[PDB]
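Colleague: Have a look at the structure that comes next, please.
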Amino acid sequence: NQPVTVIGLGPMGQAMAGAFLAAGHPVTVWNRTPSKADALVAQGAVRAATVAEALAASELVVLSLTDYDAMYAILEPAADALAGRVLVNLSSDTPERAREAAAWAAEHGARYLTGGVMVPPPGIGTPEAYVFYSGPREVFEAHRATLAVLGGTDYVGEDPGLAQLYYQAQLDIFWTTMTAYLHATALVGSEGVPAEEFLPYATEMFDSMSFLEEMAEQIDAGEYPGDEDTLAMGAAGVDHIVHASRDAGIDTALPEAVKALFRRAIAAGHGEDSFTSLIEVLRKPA
Amino acid sequence: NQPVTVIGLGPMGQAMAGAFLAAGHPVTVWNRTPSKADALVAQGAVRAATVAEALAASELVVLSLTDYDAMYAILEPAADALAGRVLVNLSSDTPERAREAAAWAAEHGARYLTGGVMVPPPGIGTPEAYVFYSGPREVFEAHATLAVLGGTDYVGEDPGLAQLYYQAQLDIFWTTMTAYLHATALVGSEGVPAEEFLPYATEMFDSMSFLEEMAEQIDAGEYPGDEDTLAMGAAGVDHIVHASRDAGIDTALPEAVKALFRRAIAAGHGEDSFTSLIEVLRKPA
Ligand SMILES: NC(=O)c1ccc[n+]([C@@H]2O[C@H](COP(=O)([O-])OP(=O)(O)OC[C@H]3O[C@@H](n4cnc5c(N)ncnc54)[C@H](OP(=O)(O)O)[C@@H]3O)[C@@H](O)[C@H]2O)c1
Ligand SMILES: NC(=O)c1ccc[n+]([C@@H]2O[C@H](COP(=O)([O-])OP(=O)(O)OC[C@H]3O[C@@H](n4cnc5c(N)ncnc54)[C@H](OP(=O)(O)O)[C@@H]3O)[C@@H](O)[C@H]2O)c1
């Protein structure tokens, strides 16, 4: 009961359009590569010939593109067709690029919402699916239901860049943690321990991290009471990891980066504070 | 019952000695700072007057010291008393330093078990604690007393293995903690409290349920890159670097991740699964 346009027919976009179509929403679609639409048009989507047609076809225009450079390459030549439309950009990019695009959309008559999808293309439309949303609350509340088709709707604030900040911070946890798991698996692997043999121990390590609330409370108070886990303690242990990694013939760049941050914080006088104090150097460029 | 000596009465050694004592073992203790044994001695522990008498008091000698340098400083002047003893070094150090110490102990007639303790001092004695052990399987099998401290997790004969497993677990711990704090600082740049983002970060960690598929890929050495290629990850890491830069936060951690992705792409893995990054992590630059 709401027309929807989907610019961007990549794995993600195709999934969104299909979910919109399977929810019964009128769906118009466009893509630099039309062949990517043959499937949805066969399922009942309208392949627009131009970007202008797609934009006019619906007020709600959801964008799933590689990056914002792609958006501007698509939409700028049709910028005079953006008036009245609501652009919901779900493409990954920087917060600042989102705040710049929001201003660009405004000057061209369009409203702008930023979105960060937290599921793979296949996950779109499942209970585990949720999308960070930021921008004008009224515009969000006006199109929440339509967007819920794709997954949970999580409005995080008015700043257009906030949704992407949340997304980037989550991927910052993800990729860095994945690299740590691979580095540790390589370390034990240097003595012939299969990855599937270390997996139980790695898995239980992550289940042991049930104290993040305490750390978050420390950060939010700006107080890092030392007690059972000084930063100096972690610094000594990180040195053992660096030295073990070297001895084992594996890469040392990752543990060395962690070590240098600990040294920064100790030089700043947090050695006796809780290791949460490390955030104080993480927030300050060296 | 079965005597046990504990050398090193810092927070961990004090907790280990207490556990042995509460479990009914005869316990002899030694520490460079003797005041730290007072509370234990008041409960039945024997304060050895000399390191060598501590070694002689029990065949099983548990060491809980800062590093292996502390061990040699303590034990070398008394190396002739190591004969017949079983040294169980629960001190954190490198796998190579463990192998070296095992050879030194054998030169003095002592057997050697390496241990890696995966709980803080308050965690000793819970059945939910565990300790990696490596060294002669017959020596580990003969020394029930160790279970007083927590689970006994024997990883093999190589004396370096227990510390290898331990350093790898701590590798995950500290790097993941650094990532959590950096990401928390990133959203905090715009005033999002850590306690508001934590629910989302917790979901992230609870969503890591594919590590098995990664484990099988590593063991096969096959990194089928179809769904999530390394190139796609690198592009995401670049946005993270740039967002961190724009936010005024330190970029060293994300730049370190970015450099590893670049190395893997330069090794031909751009279109492989992100697990292929292990091929650069297994080899120095
Ligand atoms: N799970 C996820 O994959 C996920 C999660 C969160 C966010 N995102 C964001 O959503 C995007 C889309 O998901 P994806 O990675 O599956 O697909 P993708 O490969 O990034 O496809 C992006 C889309 O952008 C289009 N495009 C790129 N450059 C263009 C240009 N110069 N002119 C016109 N169109 C251009 C592509 O058209 P063609 O099809 O013709 O190449 C394609 O439809 C991601 O790149 C990311 O930015 C994805
Ligand atoms: N959460 C934890 O505390 C924890 C958890 C798991 C593993 N570990 C590991 O277990 C070991 C024990 O740690 P801990 O918590 O007890 O604190 P610690 O400060 O590492 O232990 C200090 C102990 O080592 C002794 N020592 C240090 N340098 C010495 C030297 N040069 N000569 C003689 N004795 C020396 C101290 O003697 P004095 O007491 O006389 O000063 C004391 O008995 C460490 O290797 C640590 O990495 C700790």
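Convention: chains lettered A, B, ... in structure tokens order; per-chain residue numbering from 1; ligands numbered from 1 as shown.
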Give me, as a PyMOL selection string, the contact residues of chain B against chain A at a cut-off of 7 Å, counting only C-alpha atoms.
Modeller: chain B and resi 93-95+164-165+167-169+171-172+175-176+179-183+185-187+193-195+201+204+215-216+218-219+239-240+242-243+248-251+253+256-257+278+281-285
Colleague: Could you please extract the residues within 8 Å of ligand 1, counting only C-alpha atoms and all ligand atoms, and hand them back as a ChimeraX atom specification?
Modeller: /A:7-13,31-34,36,64-67,69-71,73-74,90-93,116-121 /B:228,232
Colleague: So which residues of stretch 70-265 of chain A fall under helix (DSSP H, G or I) by DSSP, listed as a PyMOL selection string?
Modeller: chain A and resi 70-81+95-107+121-123+137-148+162-189+195-207+212-221+231-248+253-265
Colleague: Give the residue list for ligand 2 at 7 Å, counting only C-alpha atoms and all ligand atoms, as a PyMOL selection string, sorted by chain and then by residue number.
Modeller: (chain A and resi 228-229+237) or (chain B and resi 8-13+31-33+36+64-67+69-71+73-74+90-93+116-121)
Colleague: Please provide as a VMD selection string all residues within 12 Å of residue A:35, with the sequence filter that same-chain residues fewer than 5 positions apart are discarded (counting only C-alpha atoms).
Modeller: chain A and resid 9 to 10 14 29 to 30 40 to 42 47
Colleague: When DSSP works through the backbone of this structure, what residues of stretch 123-239 of chain A end up as strand (DSSP E or B), shown as an MDAnalysis selection string?
Modeller: chainID A and resid 130:134 152:157 230
Colleague: Can you tell me how far atom CA of residue B:214 sits from atom CA of residue B:159, in Å to one decimal?
Modeller: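 Rounded to one decimal, the two atoms are 28.2 Å apart.
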Colleague: Counting only C-alpha atoms, figure out which residue out of A:135, A:115, A:122, A:271 gets nearest to residue A:152.
Modeller: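 Using only C-alpha atoms, the shortest distance to residue A:152 belongs to A:115.
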Colleague: For residue B:268, work out the shell of residues within 12 Å, counting only C-alpha atoms and skipping chain neighbours fewer than 4 positions away, then give it as a VMD selection string.
Modeller: chain B and resid 223 225 229 to 231 261 to 264 272 to 273 276 to 277 279 to 280
Colleague: If you count only C-alpha atoms, which residues fall within 9 Å of residue B:37, apart from same-chain ones fewer than 5 positions away, as a compact mmCIF listing (two decimals) with N, CA and C atoms, in the first residue's frame?
Modeller:
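File around_29.txt, as written:
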# COMPACT_ATOMS: atom_id res chain seq x y z
N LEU B 9 53.73 -15.48 45.92
CA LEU B 9 52.55 -15.18 46.72
C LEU B 9 52.00 -13.81 46.35
N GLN B 14 48.74 -16.50 46.07
CA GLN B 14 48.01 -16.51 47.33
C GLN B 14 46.68 -17.24 47.16
N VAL B 29 54.84 -22.63 51.49
CA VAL B 29 54.87 -21.43 50.66
C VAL B 29 56.18 -20.68 50.85
N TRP B 30 56.58 -19.95 49.81
CA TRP B 30 57.75 -19.09 49.88
C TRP B 30 57.51 -17.86 49.02
N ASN B 31 57.97 -16.71 49.50
CA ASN B 31 57.86 -15.48 48.73
C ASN B 31 59.00 -14.54 49.12
N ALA B 42 48.76 -18.37 59.00
CA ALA B 42 47.81 -18.35 60.11
C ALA B 42 46.70 -19.37 59.92
N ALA B 45 49.31 -22.98 56.58
CA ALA B 45 50.43 -23.05 55.66
C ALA B 45 51.75 -22.97 56.41
N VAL B 46 52.76 -23.65 55.87
CA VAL B 46 54.12 -23.62 56.39
C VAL B 46 54.94 -22.63 55.57
N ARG B 47 55.57 -21.67 56.24
CA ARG B 47 56.48 -20.74 55.59
C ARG B 47 57.85 -21.40 55.54
